[PDB]
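*Asks:* Once you've had a glance at the structure underneath, I'll fire off some questions.
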Amino acid sequence: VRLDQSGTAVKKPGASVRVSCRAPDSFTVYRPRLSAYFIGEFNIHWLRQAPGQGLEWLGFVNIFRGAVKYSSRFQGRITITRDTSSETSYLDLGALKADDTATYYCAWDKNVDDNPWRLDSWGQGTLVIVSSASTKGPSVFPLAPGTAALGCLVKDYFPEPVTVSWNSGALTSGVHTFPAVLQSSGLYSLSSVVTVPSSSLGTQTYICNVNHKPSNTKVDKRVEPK
Amino acid sequence: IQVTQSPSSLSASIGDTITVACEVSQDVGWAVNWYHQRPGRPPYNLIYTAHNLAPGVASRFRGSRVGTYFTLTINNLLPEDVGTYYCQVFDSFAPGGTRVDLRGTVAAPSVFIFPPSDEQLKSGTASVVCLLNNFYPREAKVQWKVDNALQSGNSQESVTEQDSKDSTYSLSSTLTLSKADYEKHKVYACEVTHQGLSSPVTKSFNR
């Protein structure tokens with residue numbers, strides 16, 4: 001089944017988030033005796049994955065009457081509901097912690113007794129970011145240079161993501177843009193590098209194009225040998 | 001119910017047969033499900049109830065049960081099989097999954113070191129960056145030294161996904177120092193250990 005989720009949420013610790021999941025045309029089942037489609041008995045599950053980690057189950061709602069089961073790790077700050085007219089489930093997670101930062105997934109369960117907890121379809125995920133930090137654009141520093149390496153250090157921004165291209169996208173061979181790391185400051189940092197012929201360093205211009213959409217920050221940083 | 005998977009990671013050549021195991025702390029009948037997650041994608045269901053292939057999953061995947069010991073076997077491994085495999089019992093997932101990548105040619109990293117920029121230094125903080133380029137396997141060790149003193153706790157590192165054409169990885173490590181500390185020392189070095197190196201490689205500069 002097709003599952004559509006709401007967009008990225010950025011929250012302060014202690015705040016609440018509502019993540020939405022819609023399953024268009026999947027809540028009902030044709031029932032010959034009624035000669036019509038009627039609400040089924042499916043489960044919609046909510047799970048999450050923190051950066052670099054495995055999967056964690058949070059809870060489910062049964063769509064027939066809204067019965068729920070929740071992980072005891074979240075009891076007291078989690079509610080899962082469903083709206084049968086819009087074929088949507090809501091995950092409400094309250095009192096948010098920094099370690100609630102994760103991609104949240106809804107997943108579909110046909111609720112067949114012979115196949116327990118089969119999560120047969122998954123949403124694309126919703127990024128939920130929980131931090132004390134405020135939106136901040138990066139500072140972009142050069143990593144200055146047979147083969148030479150050069151790059152850009154994209155430091156101290158919030159939240160994710162940053163994108164980087166080289167020479168407005170004309171330079172792609174040899175480019176590596178690394179995953180960001182979350183620094184102890186609560187701000188992110190990443191590096192992008194490219195390997196080029198050493199003989200080109202004085203003649204070809206190299207510009208890293210850094211884009212940080214959350215702060216409307218665009219930087220085109222010329223990287224010259226020191 | 002505790003669920004454990006092994007190995008945590010494995011490398012395989014195209015065409016190989018590989019096996020991932022999922023051990024459950026008590027009898028749960030056949031109620032183990034398997035999921036595959038490609039890099040940057042959502043998980044999807046691979047096998048359900050120990051041995052049933054999910055719709056559209058290739059027959060070279062096989063799930064089996066021996067008591068509390070469950071296996072996922074992948075025959076004729078293909079590049080599309082790269083990613084992480086997760087097993088599930090009811091509400092329990094294992095910690096960590098099993099990361100599968102392709103076995104490339106063993107290749108030592110090309111190493112580069114970058115001093116902090118003077119523009120950064122005006123801010124009171126210094127970042128030193130060490131690049132390990134185009135190496136295989138993914139396991140690598142970076143040790144920072146400052147005037148020959150082994151650094152600990154003040155670096156972070158990040159690794160690319162496996163390259164689609166040459167199966168290599170790259171790694172970037174950042175050493176973070178105060179400006180005051182940076183200017184008290186002369187020799188900044190990153191020492192790299194890797195299977196493709198007979199002895200560690202050190203790249204350095206003098207401030």
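Each chain in the structure tokens gets a letter, A, B, ..., in the order shown, and its residues are numbered from 1; ligands are numbered from 1 in order too.
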Would you kindly report the residues of chain B within 8 Å of chain A, using only C-alpha atoms, as a PDB file with N, CA and C atoms, in the first residue's frame?
*Replies:*
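That gives us iface_23.pdb:
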ATOM      1  N   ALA B  31       7.622 -16.719  14.086  1.00  0.00           N
ATOM      2  CA  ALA B  31       7.259 -15.307  13.984  1.00  0.00           C
ATOM      3  C   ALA B  31       8.435 -14.336  13.869  1.00  0.00           C
ATOM      4  N   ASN B  33      10.427 -11.783  11.197  1.00  0.00           N
ATOM      5  CA  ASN B  33      10.353 -11.104   9.914  1.00  0.00           C
ATOM      6  C   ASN B  33      11.700 -10.465   9.601  1.00  0.00           C
ATOM      7  N   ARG B  41      17.514   4.770   1.886  1.00  0.00           N
ATOM      8  CA  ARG B  41      16.150   4.370   1.550  1.00  0.00           C
ATOM      9  C   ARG B  41      15.384   3.908   2.786  1.00  0.00           C
ATOM     10  N   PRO B  42      14.050   3.869   2.723  1.00  0.00           N
ATOM     11  CA  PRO B  42      13.293   3.238   3.804  1.00  0.00           C
ATOM     12  C   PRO B  42      13.516   1.736   3.796  1.00  0.00           C
ATOM     13  N   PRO B  43      13.340   1.065   4.938  1.00  0.00           N
ATOM     14  CA  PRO B  43      13.302  -0.400   4.941  1.00  0.00           C
ATOM     15  C   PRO B  43      12.140  -0.914   4.110  1.00  0.00           C
ATOM     16  N   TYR B  44      12.268  -2.158   3.651  1.00  0.00           N
ATOM     17  CA  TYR B  44      11.136  -2.884   3.089  1.00  0.00           C
ATOM     18  C   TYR B  44      11.167  -4.329   3.574  1.00  0.00           C
ATOM     19  N   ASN B  45       9.996  -4.960   3.562  1.00  0.00           N
ATOM     20  CA  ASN B  45       9.865  -6.331   4.040  1.00  0.00           C
ATOM     21  C   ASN B  45      10.446  -7.288   3.011  1.00  0.00           C
ATOM     22  N   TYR B  48       8.653 -12.798   5.605  1.00  0.00           N
ATOM     23  CA  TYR B  48       7.760 -12.748   6.757  1.00  0.00           C
ATOM     24  C   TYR B  48       7.468 -14.152   7.260  1.00  0.00           C
ATOM     25  N   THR B  49       7.313 -14.253   8.581  1.00  0.00           N
ATOM     26  CA  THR B  49       7.055 -15.520   9.268  1.00  0.00           C
ATOM     27  C   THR B  49       8.086 -16.574   8.856  1.00  0.00           C
ATOM     28  N   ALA B  54       8.414 -11.944   0.708  1.00  0.00           N
ATOM     29  CA  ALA B  54       7.491 -10.850   0.471  1.00  0.00           C
ATOM     30  C   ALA B  54       7.242 -10.701  -1.027  1.00  0.00           C
ATOM     31  N   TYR B  86      17.686  -6.423   8.779  1.00  0.00           N
ATOM     32  CA  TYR B  86      17.141  -6.372  10.127  1.00  0.00           C
ATOM     33  C   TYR B  86      16.187  -7.532  10.350  1.00  0.00           C
ATOM     34  N   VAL B  89      11.102  -9.625  15.842  1.00  0.00           N
ATOM     35  CA  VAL B  89      10.182 -10.539  16.508  1.00  0.00           C
ATOM     36  C   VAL B  89       9.211  -9.656  17.277  1.00  0.00           C
ATOM     37  N   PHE B  90       7.939  -9.665  16.878  1.00  0.00           N
ATOM     38  CA  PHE B  90       6.916  -8.827  17.500  1.00  0.00           C
ATOM     39  C   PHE B  90       7.398  -7.384  17.546  1.00  0.00           C
ATOM     40  N   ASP B  91       7.437  -6.783  18.731  1.00  0.00           N
ATOM     41  CA  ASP B  91       7.876  -5.397  18.838  1.00  0.00           C
ATOM     42  C   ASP B  91       9.386  -5.242  18.965  1.00  0.00           C
ATOM     43  N   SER B  92      10.146  -6.337  18.959  1.00  0.00           N
ATOM     44  CA  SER B  92      11.587  -6.296  19.195  1.00  0.00           C
ATOM     45  C   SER B  92      12.378  -6.357  17.895  1.00  0.00           C
ATOM     46  N   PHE B  93      13.338  -5.452  17.766  1.00  0.00           N
ATOM     47  CA  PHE B  93      14.360  -5.515  16.743  1.00  0.00           C
ATOM     48  C   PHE B  93      15.696  -5.785  17.424  1.00  0.00           C
ATOM     49  N   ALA B  94      16.623  -6.359  16.680  1.00  0.00           N
ATOM     50  CA  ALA B  94      17.950  -6.521  17.230  1.00  0.00           C
ATOM     51  C   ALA B  94      18.609  -5.151  17.335  1.00  0.00           C
ATOM     52  N   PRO B  95      19.669  -5.024  18.130  1.00  0.00           N
ATOM     53  CA  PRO B  95      20.520  -3.840  17.962  1.00  0.00           C
ATOM     54  C   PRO B  95      21.409  -4.059  16.743  1.00  0.00           C
ATOM     55  N   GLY B  96      21.336  -3.147  15.772  1.00  0.00           N
ATOM     56  CA  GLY B  96      22.402  -2.951  14.806  1.00  0.00           C
ATOM     57  C   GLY B  96      22.201  -3.567  13.428  1.00  0.00           C
ATOM     58  N   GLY B  97      21.453  -4.646  13.320  1.00  0.00           N
ATOM     59  CA  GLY B  97      21.343  -5.245  11.995  1.00  0.00           C
ATOM     60  C   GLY B  97      22.662  -5.825  11.493  1.00  0.00           C
ATOM     61  N   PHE B 112      45.691  12.595   2.996  1.00  0.00           N
ATOM     62  CA  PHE B 112      45.966  14.018   2.867  1.00  0.00           C
ATOM     63  C   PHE B 112      45.631  14.699   4.180  1.00  0.00           C
ATOM     64  N   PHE B 114      45.094  18.613   6.071  1.00  0.00           N
ATOM     65  CA  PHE B 114      44.759  20.004   5.776  1.00  0.00           C
ATOM     66  C   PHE B 114      44.844  20.831   7.050  1.00  0.00           C
ATOM     67  N   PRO B 115      45.670  21.872   7.089  1.00  0.00           N
ATOM     68  CA  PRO B 115      45.709  22.744   8.253  1.00  0.00           C
ATOM     69  C   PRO B 115      44.443  23.576   8.351  1.00  0.00           C
ATOM     70  N   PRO B 116      44.157  24.121   9.521  1.00  0.00           N
ATOM     71  CA  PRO B 116      43.043  25.065   9.633  1.00  0.00           C
ATOM     72  C   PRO B 116      43.348  26.318   8.836  1.00  0.00           C
ATOM     73  N   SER B 117      42.294  26.952   8.351  1.00  0.00           N
ATOM     74  CA  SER B 117      42.444  28.225   7.676  1.00  0.00           C
ATOM     75  C   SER B 117      42.657  29.346   8.686  1.00  0.00           C
ATOM     76  N   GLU B 119      41.270  32.134   8.497  1.00  0.00           N
ATOM     77  CA  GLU B 119      39.949  32.707   8.744  1.00  0.00           C
ATOM     78  C   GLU B 119      39.254  32.011   9.901  1.00  0.00           C
ATOM     79  N   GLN B 120      39.325  30.677   9.946  1.00  0.00           N
ATOM     80  CA  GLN B 120      38.761  29.963  11.087  1.00  0.00           C
ATOM     81  C   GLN B 120      39.460  30.349  12.383  1.00  0.00           C
ATOM     82  N   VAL B 129      41.957  18.565   9.330  1.00  0.00           N
ATOM     83  CA  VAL B 129      41.192  17.550   8.608  1.00  0.00           C
ATOM     84  C   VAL B 129      42.152  16.564   7.953  1.00  0.00           C
ATOM     85  N   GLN B 156      36.247  13.654  15.297  1.00  0.00           N
ATOM     86  CA  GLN B 156      35.090  12.937  14.776  1.00  0.00           C
ATOM     87  C   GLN B 156      35.342  12.562  13.324  1.00  0.00           C
ATOM     88  N   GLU B 157      34.719  11.475  12.881  1.00  0.00           N
ATOM     89  CA  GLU B 157      34.977  11.010  11.532  1.00  0.00           C
ATOM     90  C   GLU B 157      33.681  10.572  10.861  1.00  0.00           C
ATOM     91  N   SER B 158      33.739  10.504   9.538  1.00  0.00           N
ATOM     92  CA  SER B 158      32.578  10.259   8.705  1.00  0.00           C
ATOM     93  C   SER B 158      33.061   9.505   7.467  1.00  0.00           C
ATOM     94  N   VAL B 159      32.260   8.545   6.975  1.00  0.00           N
ATOM     95  CA  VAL B 159      32.644   7.683   5.852  1.00  0.00           C
ATOM     96  C   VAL B 159      31.589   7.772   4.752  1.00  0.00           C
ATOM     97  N   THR B 160      32.038   7.748   3.496  1.00  0.00           N
ATOM     98  CA  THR B 160      31.111   7.727   2.368  1.00  0.00           C
ATOM     99  C   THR B 160      30.435   6.361   2.234  1.00  0.00           C
ATOM    100  N   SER B 170      35.699   6.413   1.214  1.00  0.00           N
ATOM    101  CA  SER B 170      36.564   7.495   1.657  1.00  0.00           C
ATOM    102  C   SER B 170      36.150   7.895   3.068  1.00  0.00           C
ATOM    103  N   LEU B 171      37.101   8.449   3.823  1.00  0.00           N
ATOM    104  CA  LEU B 171      36.852   8.814   5.211  1.00  0.00           C
ATOM    105  C   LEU B 171      37.430  10.194   5.484  1.00  0.00           C
ATOM    106  N   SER B 172      36.730  10.977   6.296  1.00  0.00           N
ATOM    107  CA  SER B 172      37.193  12.302   6.685  1.00  0.00           C
ATOM    108  C   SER B 172      37.161  12.374   8.202  1.00  0.00           C
TER     109      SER B 172
END
*Asks:* Would you give me, as number ranges by chain, the residues in range 62-221 of chain A that DSSP reads as strand (DSSP E or B)?
*Replies:* A: 62, 68-70, 78-83, 88-93, 102-109, 121-122, 126-130, 136, 139-143, 147-158, 163-166, 171, 175-177, 181-182, 188-197, 207-212, 217-221
*Asks:* Output C-alpha atoms of each residue in that selection to a file, as a CSV table (one decimal), in the first residue's frame.
*Replies:*
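And here is the file that came out, out_0.csv:
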chain,number,residue,atom,x,y,z
A,62,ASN,CA,-5.8,-0.7,14.9
A,68,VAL,CA,-3.6,1.0,20.5
A,69,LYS,CA,-0.5,-0.6,21.8
A,70,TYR,CA,2.5,1.5,22.9
A,78,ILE,CA,2.8,9.1,23.1
A,79,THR,CA,-0.6,9.0,21.5
A,80,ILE,CA,-1.4,7.3,18.2
A,81,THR,CA,-4.8,7.9,16.5
A,82,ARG,CA,-6.4,7.4,13.2
A,83,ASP,CA,-9.0,9.3,11.2
A,88,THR,CA,-4.6,9.0,8.2
A,89,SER,CA,-2.8,8.1,11.3
A,90,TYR,CA,-1.3,10.7,13.7
A,91,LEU,CA,1.7,10.1,15.9
A,92,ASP,CA,1.8,12.6,18.7
A,93,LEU,CA,5.1,12.5,20.7
A,102,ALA,CA,15.4,10.2,14.2
A,103,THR,CA,13.6,9.4,10.9
A,104,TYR,CA,10.1,8.3,11.8
A,105,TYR,CA,8.3,5.7,9.7
A,106,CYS,CA,4.7,4.6,9.5
A,107,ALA,CA,4.2,1.0,8.4
A,108,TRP,CA,1.2,-1.1,7.3
A,109,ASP,CA,0.2,-4.4,9.0
A,121,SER,CA,4.6,-1.5,3.5
A,122,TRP,CA,6.6,1.5,4.7
A,126,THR,CA,9.8,11.9,8.3
A,127,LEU,CA,12.9,13.6,9.7
A,128,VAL,CA,12.2,14.9,13.3
A,129,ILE,CA,15.1,17.0,14.7
A,130,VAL,CA,15.0,17.9,18.4
A,136,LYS,CA,22.3,28.9,11.8
A,139,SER,CA,30.9,29.0,7.9
A,140,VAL,CA,32.8,27.6,4.9
A,141,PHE,CA,36.6,27.2,5.1
A,142,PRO,CA,39.0,26.0,2.4
A,143,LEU,CA,40.8,22.7,2.6
A,147,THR,CA,47.0,13.8,-7.8
A,148,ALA,CA,46.1,16.5,-5.3
A,149,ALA,CA,43.1,16.8,-2.9
A,150,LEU,CA,41.3,20.0,-2.1
A,151,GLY,CA,37.9,20.6,-0.4
A,152,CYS,CA,35.7,22.7,1.8
A,153,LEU,CA,34.9,22.5,5.5
A,154,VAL,CA,31.3,23.4,6.1
A,155,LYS,CA,31.2,24.1,9.8
A,156,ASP,CA,28.7,25.1,12.5
A,157,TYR,CA,25.3,25.0,10.9
A,158,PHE,CA,21.8,23.9,12.0
A,163,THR,CA,24.3,20.3,-0.1
A,164,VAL,CA,27.6,20.8,-1.9
A,165,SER,CA,28.5,20.8,-5.6
A,166,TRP,CA,31.8,21.7,-7.3
A,171,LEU,CA,33.0,18.9,-11.6
A,175,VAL,CA,34.1,14.4,-5.6
A,176,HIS,CA,33.3,13.0,-2.1
A,177,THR,CA,30.8,14.8,0.1
A,181,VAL,CA,28.7,14.9,12.0
A,182,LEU,CA,26.8,16.4,15.0
A,188,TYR,CA,26.7,20.1,12.4
A,189,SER,CA,29.9,20.1,10.3
A,190,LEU,CA,30.7,18.4,7.1
A,191,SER,CA,33.5,18.3,4.5
A,192,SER,CA,33.4,17.9,0.8
A,193,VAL,CA,36.6,17.0,-1.2
A,194,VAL,CA,37.7,16.4,-4.7
A,195,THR,CA,40.9,14.9,-6.2
A,196,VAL,CA,42.3,16.6,-9.2
A,197,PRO,CA,45.5,16.5,-11.3
A,207,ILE,CA,34.7,26.5,-6.3
A,208,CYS,CA,32.6,24.5,-3.8
A,209,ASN,CA,28.9,25.5,-4.0
A,210,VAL,CA,27.5,25.2,-0.5
A,211,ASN,CA,23.7,25.5,0.0
A,212,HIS,CA,22.0,25.5,3.4
A,217,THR,CA,22.6,30.5,2.9
A,218,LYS,CA,24.5,30.0,-0.3
A,219,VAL,CA,28.3,30.2,-0.5
A,220,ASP,CA,30.5,29.8,-3.5
A,221,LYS,CA,34.0,29.3,-2.0
*Asks:* Would you please work out which residue, of B:68, B:154, B:174, B:162, is nearest to residue 131 in chain B when using only C-alpha atoms?
*Replies:* B:174
*Asks:* Running DSSP on the backbone, which parts of range 24-129 of chain B land in alpha helix (DSSP H), as a VMD selection string?
*Replies:* chain B and resid 118 to 121
*Asks:* Since we have the selection now, will you write its residues out, keeping N, CA, C and O atoms, as a PDB file, in the first residue's frame?
*Replies:*
ATOM      1  N   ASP B 118      43.383  30.380   8.254  1.00  0.00           N
ATOM      2  CA  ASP B 118      43.561  31.538   9.122  1.00  0.00           C
ATOM      3  C   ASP B 118      42.231  32.215   9.422  1.00  0.00           C
ATOM      4  O   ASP B 118      42.063  32.784  10.502  1.00  0.00           O
ATOM      5  N   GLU B 119      41.270  32.134   8.497  1.00  0.00           N
ATOM      6  CA  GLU B 119      39.949  32.707   8.744  1.00  0.00           C
ATOM      7  C   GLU B 119      39.254  32.011   9.901  1.00  0.00           C
ATOM      8  O   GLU B 119      38.651  32.670  10.759  1.00  0.00           O
ATOM      9  N   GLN B 120      39.325  30.677   9.946  1.00  0.00           N
ATOM     10  CA  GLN B 120      38.761  29.963  11.087  1.00  0.00           C
ATOM     11  C   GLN B 120      39.460  30.349  12.383  1.00  0.00           C
ATOM     12  O   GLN B 120      38.806  30.554  13.411  1.00  0.00           O
ATOM     13  N   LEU B 121      40.792  30.450  12.352  1.00  0.00           N
ATOM     14  CA  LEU B 121      41.549  30.693  13.574  1.00  0.00           C
ATOM     15  C   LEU B 121      41.109  31.978  14.269  1.00  0.00           C
ATOM     16  O   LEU B 121      41.123  32.047  15.502  1.00  0.00           O
TER      17      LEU B 121
END
*Asks:* When you look at residue 134 in chain B with a cut-off of 6 Å (counting only C-alpha atoms), what residues show up, excluding the ones that are within fewer than 2 positions of it in the same chain? I need them as a ChimeraX atom specification.
*Replies:* /B:109,168-170
*Asks:* Could you write out that same residue set with N, CA, C and O atoms as a JSON list (two decimals), in the first residue's frame?
*Replies:*
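Once written, out.json looks like this:
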[["chain", "number", "residue", "atom", "x", "y", "z"],
["B", 109, "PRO", "N", 44.35, 3.55, 1.54],
["B", 109, "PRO", "CA", 43.94, 4.93, 1.29],
["B", 109, "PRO", "C", 45.11, 5.79, 0.82],
["B", 109, "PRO", "O", 46.26, 5.58, 1.20],
["B", 168, "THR", "N", 35.09, 1.27, -3.45],
["B", 168, "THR", "CA", 35.90, 1.83, -2.38],
["B", 168, "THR", "C", 35.09, 2.77, -1.49],
["B", 168, "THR", "O", 33.96, 3.14, -1.78],
["B", 169, "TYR", "N", 35.73, 3.16, -0.39],
["B", 169, "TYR", "CA", 35.23, 4.13, 0.57],
["B", 169, "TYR", "C", 36.20, 5.30, 0.69],
["B", 169, "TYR", "O", 37.38, 5.19, 0.34],
["B", 170, "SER", "N", 35.70, 6.41, 1.21],
["B", 170, "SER", "CA", 36.56, 7.49, 1.66],
["B", 170, "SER", "C", 36.15, 7.89, 3.07],
["B", 170, "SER", "O", 35.01, 7.68, 3.48]]
*Asks:* Grab the CA of residue 23 in chain B to CA of residue 60 in chain B distance for me, in Å with one decimal place.
*Replies:*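 Atom-to-atom, CA of residue 23 in chain B and CA of residue 60 in chain B are spaced 21.8 Å apart.
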*Asks:* Find the residue from A:202, A:44, A:14, A:61 that sits nearest to residue 131 in chain A; use only C-alpha atoms when measuring.
*Replies:*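 Result for the nearest residue to residue 131 in chain A: A:14.
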*Asks:* Compile the contact shell of residue 62 in chain B as a ChimeraX atom specification: residues with an atom at most 8 Å away, counting only C-alpha atoms, same-chain residues fewer than 5 positions apart removed.
*Replies:* /B:51,53,72-74
